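J.: Okay, here's the structure, questions in a sec.
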Amino acid sequence: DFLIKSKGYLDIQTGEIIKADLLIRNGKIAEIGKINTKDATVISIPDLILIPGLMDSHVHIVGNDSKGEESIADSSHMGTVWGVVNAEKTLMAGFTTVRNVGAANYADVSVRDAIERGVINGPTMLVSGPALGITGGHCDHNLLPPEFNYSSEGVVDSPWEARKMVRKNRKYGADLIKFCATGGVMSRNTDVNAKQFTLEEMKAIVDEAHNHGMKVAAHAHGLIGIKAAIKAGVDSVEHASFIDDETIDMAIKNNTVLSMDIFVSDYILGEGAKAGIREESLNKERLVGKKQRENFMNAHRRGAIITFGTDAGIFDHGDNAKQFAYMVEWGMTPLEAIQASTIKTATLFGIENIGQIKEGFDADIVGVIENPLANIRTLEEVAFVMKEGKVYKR
Amino acid sequence: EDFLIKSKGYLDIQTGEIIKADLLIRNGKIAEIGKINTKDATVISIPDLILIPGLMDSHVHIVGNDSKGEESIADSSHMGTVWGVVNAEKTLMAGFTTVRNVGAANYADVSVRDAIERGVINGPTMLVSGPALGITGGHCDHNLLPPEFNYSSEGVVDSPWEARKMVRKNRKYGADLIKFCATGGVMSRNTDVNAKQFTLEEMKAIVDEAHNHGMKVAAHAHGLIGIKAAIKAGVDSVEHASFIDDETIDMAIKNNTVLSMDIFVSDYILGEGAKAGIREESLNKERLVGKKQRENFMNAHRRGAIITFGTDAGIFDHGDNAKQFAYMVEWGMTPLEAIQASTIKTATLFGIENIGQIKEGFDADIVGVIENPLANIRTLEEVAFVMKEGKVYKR
Amino acid sequence: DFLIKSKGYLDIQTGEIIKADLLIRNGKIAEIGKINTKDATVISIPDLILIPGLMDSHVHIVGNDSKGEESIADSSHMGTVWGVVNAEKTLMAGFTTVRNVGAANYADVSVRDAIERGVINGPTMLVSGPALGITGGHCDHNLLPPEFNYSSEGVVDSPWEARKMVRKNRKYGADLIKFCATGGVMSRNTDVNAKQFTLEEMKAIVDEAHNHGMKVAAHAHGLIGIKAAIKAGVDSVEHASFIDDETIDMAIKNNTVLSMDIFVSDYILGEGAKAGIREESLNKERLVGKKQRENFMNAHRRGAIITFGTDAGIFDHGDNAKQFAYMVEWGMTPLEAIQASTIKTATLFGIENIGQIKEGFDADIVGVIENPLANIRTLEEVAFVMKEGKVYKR
Amino acid sequence: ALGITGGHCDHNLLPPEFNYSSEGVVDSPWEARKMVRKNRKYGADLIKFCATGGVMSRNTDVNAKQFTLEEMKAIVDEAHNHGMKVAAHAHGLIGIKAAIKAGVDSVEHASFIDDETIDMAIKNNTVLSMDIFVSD
Ligand SMILES: NC(=[NH2+])NCCC[C@H](N)C(=O)O
Ligand SMILES: NC(=[NH2+])NCCC[C@H](N)C(=O)O
Ligand SMILES: NC(=[NH2+])NCCC[C@H](N)C(=O)O
Ligand SMILES: NC(=[NH2+])NCCC[C@H](N)C(=O)O
Ligand SMILES: [Zn+2]
Ligand SMILES: [Zn+2]
Ligand SMILES: [Zn+2]
Ligand SMILES: [Zn+2]
Ligand SMILES: [Zn+2]
Ligand SMILES: [Zn+2]
Ligand SMILES: [Zn+2]
Ligand SMILES: [Zn+2]
Ligand SMILES: [Zn+2]
Ligand SMILES: [Zn+2]
Ligand SMILES: [Zn+2]
Ligand SMILES: [Zn+2]
Ligand SMILES: [Zn+2]
């Protein structure tokens with residue numbers, strides 16, 4: 005049992021700093037206010053303001069981050085090694101629950117299960133397994149000559165094939181299903197504006213996933229794909245870069261969350277240009293970047309649900325909180341930006357008893373130096389992290 | 004040669020009346036009822052015993068490996084066949100003369116069935132399903148190996164035409180009926196009991212093809228949404244039916260959908276099975292299912308739904324099937340209704356005539372028992388005389 | 005414990021009937037003499053003479069015995085069902101240890117393990133797994149058209165292929181290795197007098213098997229294959245139908261046991277002719293039958309070790325004891341015939357503590373009506389069977 | 135690790151219907167040669183093989199030799215050609231002899247090593263890597 009004495013805590017619903025102590029037992033926030041101090045151990049942390057543990061709705065924790073010629077023939081296990089490292093970095097940054105949204109060989113379930121079993125430290129991961137795509141789509145790997153005839157793990161090309169891949173992902177322990185509805189920036193030979201998958205295929209994916217109580221995320225930059233994903237019944241649209249007034253309203257009507265990664269565009273065009281990102285990808289980034297944040301601002305105003313998704317993996321894991329500054333700059337209040345990373349994500353994830361400092365809820369608590377409603381860039385350097393009643397950072 | 008059964012009196016399963024008579028048995032049928040011209044050959048003098056028709060179980064798994072421990076880990080599938088021989092005898096000796104085997108691999112169930120039929124081994128007449136059909140990762144699938152193995156079990160199908168083909172394949176290799184998983188289950192790893200498995204289109208395809216070949220369809224379904232779908236697809240029986248509500252009990256009544264409910268086996272799983280080697284995930288899913296199923300069993304009987312005697316023997320010991328009768332009367336059936344559920348009700352479900360009744364022309368599947376079963380139903384738990392097809396197997 | 009009081013017991017070495025009691029503890033014969041019936045519990049069988057449990061060195065317990073058109077498309081599991089039936093029949097006939105010498109799919113290890121676990125009743129089986137043969141050999145199944153290109157489980161065609169099949173059999177639990185060194189009677193398109201396998205292949209089979217502590221049996225009718233099998237170093241030659249003076253001496257020198265089935269030829273030409281045995285097989289039986297028993301007589305005289313192998317499976321399981329009468333008629337004393345089925349087999353099998361009613365040995369004991377040295381045909385109907393301290397027949 | 139079909143390095147935990155053999159299973163000198171080459175291809179520093187049965191595996195005789203000497207020599211020759219060292223798992227005496235005779239750089243466990251073959255190891259610079267603690 006822990007008793008947490010602090011400068012106060014953010015009531016995320018109201019936007020209030022409230023001065024109270026927190027009693028923690030069985031990894032849950034047991035009690036809030038003045039508590040009987042005779043009992044057990046005390047976390048004296050009186051200068052820090054406490055916020056609920058942060059959430060990212062779009063990460064790629066597992067994957068090889070080694071670069072250069074020496075890493076060319078690396079096995080898939082190197083990506084699992086990197087997953088361990090990056091899971092720690094994500095948690096230490098104050099992110100306690102994340103949505104891993106594409107990985108190969110179910111190494112994402114392995115890292116998730118290892119965290120859950122307390123083998124390694126990291127956030128609670130909700131994992132997708134291999135993302136589902138058409139032949140030659142964004143989800144497919146178009147880097148080998150046709151003599152190889154290589155298609156990646158999640159490539160499906162009929163409603164029933166798609167159905168079966170959803171079933172196979174669930175079999176090997178996926179929490180959600182992810183699919184590419186358009187082309188993308190980071191892949192080779194994909195049109196960002198063209199729709200990938202027929203609506204029948206998209207509907208089959210969504211129907212099957214929901215039947216198993218799994219939520220569906222859809223990668224979609226181009227407008228025609230965003231429309232189709234919403235119409236198919238997805239729970240979130242990732243990126244949503246060219247969303248217009250009419251289909252923002254479609255999303256509002258259908259409770260479709262818009263998981264928009266407005267920060268990562270600056271990394272790709274700046275730091276990523278000489279990091280090793282291809283020339284074809286940088287040109288597709290120009291088409292997407294500036295237009296996405298304009299649409300982000302419009303979508304928020306019109307009233308669409310937007311979550312905090314960063315596409316961490318492209319940029320460094322642990323730097324996820326840099327998106328908060330971008331989020332307020334493009335039309336959100338500091339409170340709204342933090343709500344997008346807590347209560348909004350919680351609903352999207354379909355997990356209750358997280359995202360709020362409230363009695364009964366899980367003890368996922370982040371301590372921060374300044375007031376986050378005054379300066380949101382304090383989230384970029386957190387000073388206390390507790391996940392499930394365990395302290396990982398001081 | 005002919006036999007004369009001098010009994011304390013047989014039970015007319017239609018009426019409830021212990022009609023005192025004698026029975027002449029020739030060619031494996033009941034030829035004469037009443038006082039007969041004692042003409043021919045030998046006399047089965049067994050006058051302490053009340054006579055009932057041979058008992059039926061609509062849900063068994065006779066073939067399967069019952070060996071436990073580390074020593075049995077790399078056993079071939081033939082061990083499950085060996086056990087099948089053992090368990091077939093144990094089933095017949097417990098007074099069950101016709102059973103419906105409802106899920107087995109490699110058509111070993113048709114091999115055991117045929118062996119019994121050929122007189123190679125002793126056991127009940129089996130109606131066999133072959134491999135049960137299920138989706139990838141479903142209850143019918145084996146979810147115990149790593150993804151690297153990419154293992155899916157025999158009856159895994161994932162499209163209406165794949166499903167169609169599997170029904171045809173089972174028929175090709177000698178199946179009598181078709182069985183499929185409509186929801187997740189208790190005993191499997193990584194299955195949601197509440198969630199539906201298969202699309203309705205898939206289910207309808209299975210049913211349509213099976214019925215086209217004169218095969219009946221059983222559907223494993225715990226969750227309500229899958230029970231609805233199975234009935235709507237047109238199955239002949241819903242196994243378990245654990246979360247069936249008022250509305251869909253009426254659906255079943257309207258469509259002649261039998262409810263094959265296993266109310267006994269839950270006590271074995273939570274009690275004896277907890278230390279026997281049943282996984283922690285399975286025991287938690289049993290607590291969700293068990294108590295609620297029997298409440299729904301009581302409600303379904305009262306609303307007027309056809310319920311058969313199905314035990315899920317294989318989980319518990321084969322031979323102990325008759326233990327469910329006590330549970331059956333306790334949960335709203337009369338002693339007569341519980342025996343009817345194991346005789347006439349099952350015979351219709353099985354689609355076999357000339358069985359389930361002590362009547363002239365019917366098959367000589369006759370069980371002798373000590374006390375009156377309408378007085379004490381637990382006498383069925385220890386039968387003293389078993390005749391199957393005019394041959395005596397127990398005295 | 006068990007205290008067996010009988011008329012007496014056959015001393016298998018001397019041929020005398022010793023009067024004593026037999027104390028049984030933990031499956032072994034603990035004491036032989038006048039024994040204080042002390043703790044427990046007495047088996048009074050005063051009319052019966054006790055002999056060691058009988059052995060067969062050549063059986064096929066697992067295999068489909070169903071005939072007619074209805075059995076044509078039977079799965080291999082029907083052979084397993086029949087295996088259960090035939091194991092019981094073998095044990096009730098007073099055979100407590102047998103050597104099963106060819107079966108498919110490791111169904112023989114399944115039946116053996118089921119008996120060992122006490123799931124079913126039967127003798128202790130020593131099993132071979134699939135017999136090794138060349139393409140188109142006696143061990144191969146030559147009943148399908150060439151379009152099918154079917155070769156059976158144990159077909160090997162190089163020394164390293166043969167090595168690997170031995171290793172594979174051991175992996176899936178075989179006790180011994182069996183191979184075809186010549187063509188046979190019961191197969192289609194095989195020359196009985198032609199050698200199958202090169203010597204190099206034969207030597208590789210034997211070397212690998214011996215390296216693992218497995219014994220090697222070789223099916224060999226034709227003289228030239230018998231020679232080769234002995235030269236390769238086999239522990240037994242099955243059938244050995246055309247063995248001459250020179251190679252009988254080869255067998256004596258090398259301790260090569262001759263497992264000869266003299267009875268079964270009368271079944272094949274008589275009962276089997278109408279049972280469904282093909283015309284090509286009956287003609288090859290006429291070449292083998294009469295000549296084999298003449299050679300059996302010569303080999304015994306010259307001093308070669310001959311065990312009791314019947315080829316049960318062709319004829320009915322349980323009728324194994326009929327070979328005893330044939331065995332005395334062709335040059336053995338009644339004692340020598342029973343010795344061939346007890347002490348001789350035990351050595352061949354490589355199992356100690358069986359085959360003798362002796363202190364420390366296993367309680368494999370058969371009770372019989374008359375004296376077996378007076379009338380050997382009492383073995384054809386035994387009255388008492390105990391295997392490993394358990395009574396199966398009274 | 136390289137091993138025979140059904141050996142200590144093989145995994146004998148599945149039914150014969152699966153026909154599963156593990157990654158390093160080799161059953162001829164040239165197969166063995168190839169697996170050494172494959173291991174080197176994907177970055178191995180040394181080669182390890184099972185020369186006898188072991189404790190922790192299912193269905194293996196600890197005192198029986200696994201691999202022919204020819205196979206063993208092929209493994210060692212090929213590894214040495216690439217400047218890789220060879221370790222050999224060996225409990226039983228008859229396998230330890232063979233591994234030394236084949237020219238391994240170390241014998242792992244070496245549980246039943248006698249006077250004569252300790253001298254063989256000394257003469258050949260064969261290191262004995264012995265795990266005396268783990269049995270407790
Ligand atoms: N707003 C952005 N440009 N985000 C980057 C998109 C990255 C995404 N994985 C793709 O390849 O399409
Ligand atoms: N009353 C019961 N618990 N019935 C369910 C028995 C187990 C069932 N075959 C399953 O795994 O789903
Ligand atoms: N002595 C004999 N009858 N030998 C022939 C027995 C049949 C033997 N299994 C074969 O086909 O060769
Ligand atoms: N006494 C010992 N060192 N025992 C442990 C041996 C471990 C080795 N991996 C084996 O199973 O063979
Ligand atoms: Zn958590
Ligand atoms: Zn994307
Ligand atoms: Zn992404
Ligand atoms: Zn706002
Ligand atoms: Zn019948
Ligand atoms: Zn079920
Ligand atoms: Zn069942
Ligand atoms: Zn009633
Ligand atoms: Zn024995
Ligand atoms: Zn033969
Ligand atoms: Zn034979
Ligand atoms: Zn003699
Ligand atoms: Zn080792």
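Residue numbers (the deposited numbering), protein chains in the order written: chain A, 5 to 398; chain C, 4 to 398; chain H, 5 to 398; chain B, 135 to 270.
For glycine and all other residues, C-beta sits at the position ideal for the given N, C-alpha and C.
How many angstroms separate the CA atom of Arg290 (chain C) from the CA atom of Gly67 (chain A)?
T.: To locate residue 290 (chain C), count along the second sequence from 1; it is residue 287. To locate residue 67 (chain A), count along the first sequence from 1; it is residue 63. Roughly 40 angstroms separates the two Cα atoms.
J.: My output table needs one value for residue 2 (chain C): the three-state DSSP class, helix, strand or coil.
T.: Here chain C has residues from 4 to 398 only, and residue 2 (chain C) is not among them.
J.: Under three-state DSSP, which class holds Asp25 (chain A)?
T.: Numbered from 1 along the first sequence, position 21 holds the residue referred to as residue 25 (chain A). Three-state DSSP puts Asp25 (chain A) in a strand.
J.: Are at least three pairs of beta-carbons, each pair with one atom in the segment 134-153 of chain H and one in the segment 181-189 of chain H, less than 8 angstroms apart?
T.: Yes, the segment 134-153 of chain H touches the segment 181-189 of chain H.
J.: Note down, in chain order, all residues in the segment 254-288 of chain C with a beta-carbon under 9 angstroms from any beta-carbon belonging to chain H.
T.: Within the segment 254-288 of chain C, no residue qualifies.
J.: Between the Cα of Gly106 (chain A) and the Cα atoms of A:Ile33, A:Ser156 and A:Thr346, which residue gives the shortest distance?
T.: On the first sequence, residue 106 (chain A) is found 102 positions in, with the first residue counted as 1. The shortest Cα separation from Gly106 (chain A) among A:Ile33, A:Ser156 and A:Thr346 belongs to A:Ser156.
J.: Would you say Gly217 (chain H) lies against chain B (beta-carbon separation less than 8 angstroms)?
T.: For the purposes of this step, residue 217 (chain H) is taken as residue 213 along the third sequence, with counting starting at 1. Yes - at least one Cβ of chain B is within 8 angstroms of the one on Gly217 (chain H).
J.: In chain C, which residues lie with their C-beta within 9 angstroms of the C-beta of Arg192 (chain B)?
T.: For the purposes of this step, residue 192 (chain B) is taken as the residue at position 58 of the fourth sequence. The answer, in chain order, is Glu73, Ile76 and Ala77.
J.: Going by beta-carbon coordinates alone, are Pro163 (chain C) and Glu204 (chain C) separated by less than 8 angstroms?
T.: Walking along the second sequence from the start, residue 163 (chain C) turns up at place 160. Walking along the second sequence from the start, residue 204 (chain C) turns up at place 201. In contact: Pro163 (chain C) and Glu204 (chain C) (Cβ atoms closer than 8 angstroms).
J.: Would you kindly check if the distance between the Cβ of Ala232 (chain H) and the Cβ of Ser79 (chain C) is under 8 angstroms?
T.: Stepping through the second sequence from its first residue, residue 79 (chain C) is reached at position 76. Stepping through the third sequence from its first residue, residue 232 (chain H) is reached at position 228. No, these two residues do not count as a Cβ contact at 8 angstroms.
J.: Classify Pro56 (chain H) as helix, strand or coil using the three-state DSSP reduction.
T.: Translated into the one-based positions of the third sequence, residue 56 (chain H) becomes position 52. Strand.
J.: Near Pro376 (chain A), which residues of its chain fall below 8 angstroms by C-beta distance, leaving aside the five closest residues on each side in sequence?
T.: As a first step, residue 376 (chain A) must be located in the first sequence, where it is residue number 372. Same-chain partners within the cutoff: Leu14, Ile53, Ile55, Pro338, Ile342, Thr382 and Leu383.
J.: In chain order, what residues of the same chain lie with their CB nearer than 6 angstroms to the CB of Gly237 (chain B), ignoring the 5 residues before and after it?
T.: Indexing the fourth sequence from 1 puts residue 237 (chain B) at position 103. Correct list, in chain order: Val210.
J.: Check whether the Cβ of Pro150 (chain C) lies closer than 8 angstroms to any Cβ atom in chain A.
T.: Numbered from its first residue, the second sequence carries residue 150 (chain C) at position 147. So yes, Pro150 (chain C) belongs to the interface.
J.: At a CB-CB cut-off below 7 angstroms, which residues of chain B make contact with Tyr176 (chain H)?
T.: Sequence index remark: in the third sequence, residue 176 (chain H) carries index 172 (1-based). Within chain B, the residues near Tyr176 (chain H) are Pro150.
J.: Using a Cβ-Cβ distance under 8 angstroms, would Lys168 (chain H) count as near chain B?
T.: Sequence index remark: in the third sequence, residue 168 (chain H) carries index 164 (1-based). It does: the Cβ of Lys168 (chain H) has a partner Cβ on chain B nearer than 8 angstroms.
J.: Bridge partners of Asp366 (chain C), per DSSP?
T.: Sequence index remark: in the second sequence, residue 366 (chain C) carries index 363 (1-based). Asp366 (chain C) pairs with C:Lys32.
J.: Taking 7 angstroms as the cut-off, is the C-beta of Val102 (chain C) nearer than that to any heavy atom in ligand 11?
T.: In the second sequence, the residue the question calls residue 102 (chain C) occupies position 99. False, no ligand heavy atom lies under 7 angstroms from that Cβ.
J.: In the DSSP assignment, find the beta strand (DSSP E) that holds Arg103 (chain A) and state where it starts and stops.
T.: Taking the first residue of the first sequence as 1, we reach residue 103 (chain A) at position 99. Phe99 to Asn104 is the span of the beta strand (DSSP E), which, as asked, contains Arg103 (chain A).
J.: Check for me: the beta strand (DSSP E) holding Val196 (chain B) runs from which residue to which?
T.: Position 62 of the fourth sequence holds residue 196 (chain B). No beta strand (DSSP E) contains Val196 (chain B), which DSSP labels as neither H nor E.
J.: Following the continuous beta strand (DSSP E) through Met390 (chain H), name the residue where it begins and the one where it ends.
T.: The residue you call residue 390 (chain H) lines up with position 386 of the third sequence. Unbroken beta strand (DSSP E) run through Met390 (chain H): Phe388 to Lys391.
J.: In the DSSP assignment, what residue or residues form a beta bridge with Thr45 (chain A)?
T.: Mapped onto the first sequence, residue 45 (chain A) falls at position 41. Its beta-bridge partners are A:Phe6.
J.: Does the beta carbon of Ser80 (chain C) sit closer than 8 angstroms to a beta carbon anywhere in chain B?
T.: Position 77 of the second sequence holds residue 80 (chain C). Yes, contact with chain B.
J.: With a threshold of 8 angstroms, are at least 3 pairs of Cβ atoms found where one atom belongs to the segment 190-203 of chain A and the other to the segment 219-228 of chain A?
T.: The segment 190-203 of chain A vs the segment 219-228 of chain A: in contact.
J.: Any beta-carbon of chain B closer than 8 angstroms to the one on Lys207 (chain H)?
T.: Position 203 of the third sequence, counted from the start, is the residue given in the question as residue 207 (chain H). Judged by the 8 angstroms Cβ criterion, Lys207 (chain H) is not in contact with chain B.
J.: Compute every distance between the C-beta of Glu392 (chain A) and the non-hydrogen atoms of ligand 5, then say whether any falls below 7 angstroms.
T.: Stepping through the first sequence from its first residue, residue 392 (chain A) is reached at position 388. Yes, Cβ of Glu392 (chain A) sits closer than 7 angstroms to a heavy atom of ligand 5.
J.: Under a CB-based cut-off of 8 angstroms, is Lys172 (chain H) close to chain B?
T.: As a position in the third sequence, residue 172 (chain H) is number 168, starting the count at 1. Chain B, which has a Cβ nearer than 8 angstroms to the Cβ of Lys172 (chain H), makes this yes.
J.: Verify the CB distance criterion: does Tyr110 (chain C) have a CB-CB separation below 8 angstroms to chain H?
T.: As a working note, residue 110 (chain C) is residue 107 in the second sequence. Chain H, which has a Cβ nearer than 8 angstroms to the Cβ of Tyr110 (chain C), makes this yes.
J.: Rounded to whole angstroms, what is the Cα-Cα separation between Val261 (chain B) and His214 (chain H)?
T.: Stepping through the fourth sequence from its first residue, residue 261 (chain B) is reached at position 127. Stepping through the third sequence from its first residue, residue 214 (chain H) is reached at position 210. Rounded to the nearest angstrom, the two C-alpha atoms are 29 angstroms apart.
J.: Any C-beta of chain C sitting closer than 8 angstroms to the C-beta of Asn197 (chain B)?
T.: Against the fourth sequence, residue 197 (chain B) aligns to sequence position 63. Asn197 (chain B) does not count as touching chain C.
J.: Is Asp366 (chain C) near ligand 9 - that is, is its Cβ less than 7 angstroms away from at least one heavy atom of it?
T.: Residue 366 (chain C) sits at position 363 when you count from the first residue of the second sequence. At least one heavy atom of ligand 9 is nearer than 7 angstroms to the Cβ of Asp366 (chain C), so yes.
J.: Would you say the beta carbon of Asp265 (chain B) is closer than 7 angstroms to some non-hydrogen atom of ligand 4?
T.: Along the fourth sequence, one-based indexing puts residue 265 (chain B) at 131. At least one heavy atom of ligand 4 is nearer than 7 angstroms to the Cβ of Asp265 (chain B), so yes.
J.: Relative to the C-alpha of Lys326 (chain C), which residue among C:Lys38, C:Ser269 and C:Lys391 is closest?
T.: Working through the second sequence from its first residue, we reach residue 326 (chain C) at position 323. Here the closest residue by C-alpha is C:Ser269.
J.: Rank A:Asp368, A:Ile380 and A:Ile309 by C-alpha distance to the C-alpha of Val332 (chain A) and give the top, closest one.
T.: Taking the first sequence and counting its residues from 1, the one referred to as residue 332 (chain A) is at position 328. It is A:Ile380.
J.: Over what stretch of residues does the alpha helix (DSSP H) that includes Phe353 (chain H) continue unbroken?
T.: The residue you call residue 353 (chain H) lines up with position 349 of the third sequence. Its alpha helix (DSSP H) spans residues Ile347 to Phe353.
J.: When you measure from the CB of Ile228 (chain H) to every non-hydrogen atom of ligand 3, does any distance come out below 7 angstroms?
T.: Here residue 228 (chain H) corresponds to residue number 224 of the third sequence, with the count starting at 1. Because no heavy atom of ligand 3 lies under 7 angstroms away, the Cβ of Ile228 (chain H) does not count as near it: no.
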